Amino acid sequence: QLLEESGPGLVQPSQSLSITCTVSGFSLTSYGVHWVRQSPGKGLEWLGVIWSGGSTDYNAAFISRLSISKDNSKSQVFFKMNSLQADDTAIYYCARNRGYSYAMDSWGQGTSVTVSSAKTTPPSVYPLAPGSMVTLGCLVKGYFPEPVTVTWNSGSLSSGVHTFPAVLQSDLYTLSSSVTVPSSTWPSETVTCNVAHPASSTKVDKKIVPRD
Amino acid sequence: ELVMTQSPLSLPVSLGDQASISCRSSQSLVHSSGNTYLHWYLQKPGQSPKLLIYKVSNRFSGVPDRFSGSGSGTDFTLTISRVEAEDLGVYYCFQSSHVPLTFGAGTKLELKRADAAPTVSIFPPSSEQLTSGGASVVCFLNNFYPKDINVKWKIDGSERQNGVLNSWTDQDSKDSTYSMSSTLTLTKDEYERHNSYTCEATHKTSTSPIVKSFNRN
């Protein structure tokens with residue numbers, strides 16, 4: 001059994017989200033398929049389902065803008081949601097209904113959807129030096145979309161690193177990362193913050209040096 | 001509506017202990033067919049939820065016997081007789097007896113360890129960012145436990161709650177601690193307008209808060 005969502009990734013608010021779930025190893029005429037999403041703010045939410053028989057059921061809070069259909073012969077289930085708003089940003093999954101148990105058993109890997117009007121924007125990378133061990137940092141501010149990858153000394157320095165989840169500010173993402181090294185290694189030895197933003201094809205190598 | 005209340009929200013355990021997670025519904029989950037469609041799922045980071053127990057107490061395929069479900073009507077409990085590292089994650093109850101089908105808010109099964117105070121470091125805006133016309137003051141609170149912690153920002157002795165953005169890491173794989181990052185965002189004029197910046201961390205490991213400051217000079 002295998003379900004796989006195929007979706008747009010980025011969607012602008014007010015527009016719509018279409019996702020195709022292609023299944024293998026079983027027949028849609030034998031098992032219903034559910035759609036569920038997951039976001040930090042709302043946890044797991046069931047959106048609706050299309051039963052083996054072909055009828056559908058929807059979560060009342062979405063029915064006005066949600067539609068699910070399928071093509072039994074092509075083993076594909078189609079999900080379409082309109083009038084997306086920022087809080088529709090989430091991971092969307094299709095999952096098989098395990099017949100009479102009415103529990104989802106096989107899940108697709110999920111497709112991440114970001115609802116935003118923001119345009120691709122590379123990050124501003126600022127070095128964070130202090131004003132025994134020493135903690136240095138890096139602020140990666142104002143980028144879009146996710147994700148960016150932060151490494152230290154091009155990946156050579158991996159222990160003592162804490163890269164924090166990005167947060168949204170003014171519709172752009174900002175995140176920080178800290179590394180802690182023995183004070184006898186910095187600034188005597190070079191410490192660099194390495195940032196990559198795939199979407200804008202940019203990389204930044206910011207050396208961390210003392211202030212003033 | 002049909003609300004699913006999962007308890008507790010966080011459940012710290014030591015490998016080997018028994019763990020019990022509860023789920024209570026605002027209405028009976030006995031469906032008109034006579035079946036009770038209450039299920040349990042376990043979700044790990046970066047993964048989709050995995051089914052453990054279906055219809056109250058039926059272990060799903062490939063689920064070790066240490067897991068068992070019980071309960072009826074509106075009260076349900078999932079039990080792990082002897083917790084193993086691979087059991088760590090977030091557990092969710094799911095009911096499909098009433099439409100809309102709903103999930104509980106989840107219970108995080110986490111690993112306990114000795115309490116640990118946060119290592120706090122404060123950072124003034126980089127001159128690079130200052131040149132750009134902005135100002136962010138950053139504070140890291142690293143490797144602490146438990147995860148409950150309070151961070152307060154003070155500008156010239158005055159507490160600031162607006163313009164603060166916080167981010168937290170998941171329980172660390174090697175030492176089981178948590179870390180947090182807090183950023184005070186200001187306009188450059190605001191920043192240049194004050195001198196003393198303080199990051200104050202209050203954690204149970206100490207009656208006294210940990211204070212880190214700098215003076216723009």
# chains A, B, ... in the order shown; residues from 1 in each chain; ligands from 1
>>> interface_residues(of="chain A", to="chain B", cutoff="9 Å", atoms="only C-alpha atoms", output="VMD selection string")
chain A and resid 42 to 48 57 to 61 93 101 to 110 124 to 131 134 to 137 139 162 to 169 175 to 178 211 to 212
>>> residues_around(residues="residue 161 in chain A", least_positions_apart="2", cutoff="9 Å", atoms="only C-alpha atoms", output="number ranges by chain")
A: 151-152, 157-159, 163, 177-180
>>> closest_residue(among="A:201, A:132, A:14, A:149", to="residue 186 in chain A", atoms="only C-alpha atoms")
A:132
>>> atom_distance(atom1="CA of residue 63 in chain A", atom2="CA of residue 73 in chain B")
28.6 Å
>>> select_by_dssp(residues="range 155-211 of chain B", states="helix (DSSP H, G or I)", output="number ranges by chain")
B: 188-192
>>> write_last_selection(atoms="N, CA and C atoms", output="PDB file, in the first residue's frame")
ATOM      1  N   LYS B 188      15.892  51.033  14.586  1.00  0.00           N
ATOM      2  CA  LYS B 188      17.228  51.495  14.915  1.00  0.00           C
ATOM      3  C   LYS B 188      17.158  52.740  15.810  1.00  0.00           C
ATOM      4  N   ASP B 189      16.181  53.619  15.575  1.00  0.00           N
ATOM      5  CA  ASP B 189      16.082  54.818  16.396  1.00  0.00           C
ATOM      6  C   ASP B 189      15.800  54.407  17.840  1.00  0.00           C
ATOM      7  N   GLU B 190      14.915  53.428  18.035  1.00  0.00           N
ATOM      8  CA  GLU B 190      14.579  52.947  19.387  1.00  0.00           C
ATOM      9  C   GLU B 190      15.826  52.420  20.090  1.00  0.00           C
ATOM     10  N   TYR B 191      16.540  51.552  19.387  1.00  0.00           N
ATOM     11  CA  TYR B 191      17.731  50.937  19.932  1.00  0.00           C
ATOM     12  C   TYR B 191      18.788  51.942  20.349  1.00  0.00           C
ATOM     13  N   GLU B 192      19.015  52.932  19.493  1.00  0.00           N
ATOM     14  CA  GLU B 192      20.016  53.958  19.750  1.00  0.00           C
ATOM     15  C   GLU B 192      19.578  54.900  20.873  1.00  0.00           C
TER      16      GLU B 192
END
>>> atom_distance(atom1="CA of residue 109 in chain B", atom2="CA of residue 62 in chain B")
20.0 Å
>>> select_by_dssp(residues="range 57-107 of chain B", states="strand (DSSP E)", output="PyMOL selection string")
chain B and resi 58-59+67-72+75-80+89-95+102-103+107
>>> write_last_selection(atoms="C-alpha atoms", output="PDB file, in the first residue's frame")
ATOM      1  CA  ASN B  58      -6.987  -3.795  18.937  1.00  0.00           C
ATOM      2  CA  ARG B  59      -3.272  -3.644  18.387  1.00  0.00           C
ATOM      3  CA  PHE B  67       1.047  -1.212  23.913  1.00  0.00           C
ATOM      4  CA  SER B  68      -2.553  -1.750  24.953  1.00  0.00           C
ATOM      5  CA  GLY B  69      -5.735   0.287  24.784  1.00  0.00           C
ATOM      6  CA  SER B  70      -8.714   0.232  27.100  1.00  0.00           C
ATOM      7  CA  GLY B  71     -11.773   2.233  28.053  1.00  0.00           C
ATOM      8  CA  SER B  72     -15.313   2.631  26.783  1.00  0.00           C
ATOM      9  CA  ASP B  75     -12.996   7.377  28.689  1.00  0.00           C
ATOM     10  CA  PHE B  76     -10.019   5.799  27.043  1.00  0.00           C
ATOM     11  CA  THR B  77      -6.478   5.006  28.039  1.00  0.00           C
ATOM     12  CA  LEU B  78      -3.432   3.888  26.079  1.00  0.00           C
ATOM     13  CA  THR B  79      -0.807   2.070  28.148  1.00  0.00           C
ATOM     14  CA  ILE B  80       2.836   1.328  27.434  1.00  0.00           C
ATOM     15  CA  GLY B  89       7.017  10.951  20.179  1.00  0.00           C
ATOM     16  CA  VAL B  90       3.560  12.473  20.221  1.00  0.00           C
ATOM     17  CA  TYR B  91       0.519  10.271  20.780  1.00  0.00           C
ATOM     18  CA  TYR B  92      -2.897  11.227  19.436  1.00  0.00           C
ATOM     19  CA  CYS B  93      -6.269   9.704  20.021  1.00  0.00           C
ATOM     20  CA  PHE B  94      -8.599   9.786  17.009  1.00  0.00           C
ATOM     21  CA  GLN B  95     -12.353   9.225  16.921  1.00  0.00           C
ATOM     22  CA  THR B 102     -11.447  14.582  15.233  1.00  0.00           C
ATOM     23  CA  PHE B 103      -8.024  14.113  16.876  1.00  0.00           C
ATOM     24  CA  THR B 107       0.523  13.954  24.368  1.00  0.00           C
TER      25      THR B 107
END
>>> residues_around(residues="residue 75 in chain A", least_positions_apart="5", cutoff="12 Å", atoms="only C-alpha atoms", output="PyMOL selection string")
chain A and resi 1-4+20-33+52+69-70
>>> write_last_selection(atoms="N, CA, C and O atoms", output="compact mmCIF listing (two decimals), in the first residue's frame")
# COMPACT_ATOMS: atom_id res chain seq x y z
N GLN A 1 0.86 -1.22 0.00
CA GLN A 1 0.00 0.00 0.00
C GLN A 1 0.87 1.24 0.00
O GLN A 1 1.80 1.34 0.78
N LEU A 2 0.56 2.18 -0.87
CA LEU A 2 1.35 3.39 -0.95
C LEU A 2 0.51 4.54 -1.49
O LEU A 2 -0.14 4.42 -2.53
N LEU A 3 0.50 5.65 -0.75
CA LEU A 3 -0.22 6.86 -1.15
C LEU A 3 0.78 7.97 -1.33
O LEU A 3 1.70 8.13 -0.52
N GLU A 4 0.64 8.77 -2.38
CA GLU A 4 1.59 9.86 -2.55
C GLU A 4 0.93 11.15 -3.00
O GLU A 4 0.33 11.18 -4.07
N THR A 20 -3.13 16.06 -5.79
CA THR A 20 -3.50 14.78 -6.35
C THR A 20 -2.84 13.69 -5.52
O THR A 20 -1.64 13.72 -5.29
N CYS A 21 -3.63 12.73 -5.05
CA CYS A 21 -3.09 11.62 -4.27
C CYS A 21 -3.11 10.41 -5.18
O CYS A 21 -4.16 9.98 -5.64
N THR A 22 -1.94 9.86 -5.48
CA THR A 22 -1.91 8.69 -6.33
C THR A 22 -1.65 7.51 -5.42
O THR A 22 -0.72 7.54 -4.61
N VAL A 23 -2.47 6.47 -5.52
CA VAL A 23 -2.30 5.30 -4.66
C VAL A 23 -1.85 4.08 -5.43
O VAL A 23 -2.15 3.93 -6.61
N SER A 24 -1.14 3.19 -4.73
CA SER A 24 -0.64 1.94 -5.32
C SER A 24 -0.80 0.81 -4.32
O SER A 24 -0.81 1.04 -3.11
N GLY A 25 -0.92 -0.41 -4.82
CA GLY A 25 -1.04 -1.55 -3.93
C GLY A 25 -2.43 -1.87 -3.45
O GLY A 25 -2.62 -2.83 -2.71
N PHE A 26 -3.41 -1.07 -3.85
CA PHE A 26 -4.79 -1.33 -3.44
C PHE A 26 -5.70 -0.55 -4.35
O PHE A 26 -5.25 0.37 -5.05
N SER A 27 -6.97 -0.94 -4.38
CA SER A 27 -7.95 -0.29 -5.24
C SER A 27 -8.84 0.70 -4.51
O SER A 27 -9.39 0.40 -3.44
N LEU A 28 -8.99 1.88 -5.10
CA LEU A 28 -9.84 2.92 -4.54
C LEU A 28 -11.29 2.41 -4.49
O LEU A 28 -12.13 2.99 -3.80
N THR A 29 -11.60 1.35 -5.24
CA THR A 29 -12.96 0.82 -5.20
C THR A 29 -13.12 -0.07 -3.96
O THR A 29 -14.21 -0.52 -3.64
N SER A 30 -12.01 -0.31 -3.26
CA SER A 30 -12.03 -1.12 -2.06
C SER A 30 -11.79 -0.34 -0.75
O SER A 30 -12.21 -0.79 0.32
N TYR A 31 -11.12 0.80 -0.84
CA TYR A 31 -10.81 1.58 0.35
C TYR A 31 -11.07 3.05 0.18
O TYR A 31 -10.75 3.63 -0.86
N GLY A 32 -11.65 3.67 1.21
CA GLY A 32 -11.87 5.10 1.13
C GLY A 32 -10.53 5.80 1.37
O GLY A 32 -9.57 5.20 1.85
N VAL A 33 -10.46 7.08 1.02
CA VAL A 33 -9.24 7.85 1.24
C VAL A 33 -9.57 9.14 1.97
O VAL A 33 -10.42 9.92 1.53
N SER A 52 -14.90 4.20 -0.69
CA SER A 52 -14.71 3.26 -1.80
C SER A 52 -15.86 3.42 -2.80
O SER A 52 -15.66 3.50 -3.99
N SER A 69 -12.61 14.38 -5.05
CA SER A 69 -13.15 13.52 -6.08
C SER A 69 -12.06 12.53 -6.38
O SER A 69 -10.96 12.64 -5.85
N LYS A 70 -12.37 11.57 -7.24
CA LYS A 70 -11.40 10.55 -7.59
C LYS A 70 -11.67 9.94 -8.95
O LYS A 70 -12.75 10.10 -9.53
>>> atom_distance(atom1="CA of residue 114 in chain A", atom2="CA of residue 88 in chain A")
7.6 Å
>>> residues_around(residues="residue 85 in chain B", least_positions_apart="4", cutoff="10 Å", atoms="only C-alpha atoms", output="list in words")
residues 14, 15, 16, 89, 109, 110 and 111 of chain B
>>> write_last_selection(atoms="C-alpha atoms", output="PDB file, in the first residue's frame")
ATOM      1  CA  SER B  14      12.450   7.108  32.016  1.00  0.00           C
ATOM      2  CA  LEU B  15      13.125   4.266  29.619  1.00  0.00           C
ATOM      3  CA  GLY B  16      11.603   1.164  31.139  1.00  0.00           C
ATOM      4  CA  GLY B  89       7.017  10.951  20.179  1.00  0.00           C
ATOM      5  CA  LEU B 109       6.084  11.209  25.469  1.00  0.00           C
ATOM      6  CA  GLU B 110       9.442  12.650  26.387  1.00  0.00           C
ATOM      7  CA  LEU B 111      12.606  11.434  28.115  1.00  0.00           C
TER       8      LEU B 111
END
>>> decode(residues="range 70-87 of chain B", atoms="C-alpha atoms", output="short mmCIF file (atom, residue, chain, number, x, y, z; two decimals), in the first residue's frame")
data_model
loop_
_atom_site.label_atom_id
_atom_site.label_comp_id
_atom_site.auth_asym_id
_atom_site.auth_seq_id
_atom_site.Cartn_x
_atom_site.Cartn_y
_atom_site.Cartn_z
CA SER B 70 -8.71 0.23 27.10
CA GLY B 71 -11.77 2.23 28.05
CA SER B 72 -15.31 2.63 26.78
CA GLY B 73 -17.98 5.24 26.18
CA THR B 74 -16.15 8.50 26.87
CA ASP B 75 -13.00 7.38 28.69
CA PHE B 76 -10.02 5.80 27.04
CA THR B 77 -6.48 5.01 28.04
CA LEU B 78 -3.43 3.89 26.08
CA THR B 79 -0.81 2.07 28.15
CA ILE B 80 2.84 1.33 27.43
CA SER B 81 3.96 -1.25 30.00
CA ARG B 82 7.70 -0.73 29.46
CA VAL B 83 8.71 2.42 27.58
CA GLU B 84 11.46 2.17 24.97
CA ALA B 85 13.27 4.98 23.18
CA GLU B 86 11.44 4.18 19.95
CA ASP B 87 8.17 4.93 21.75
#
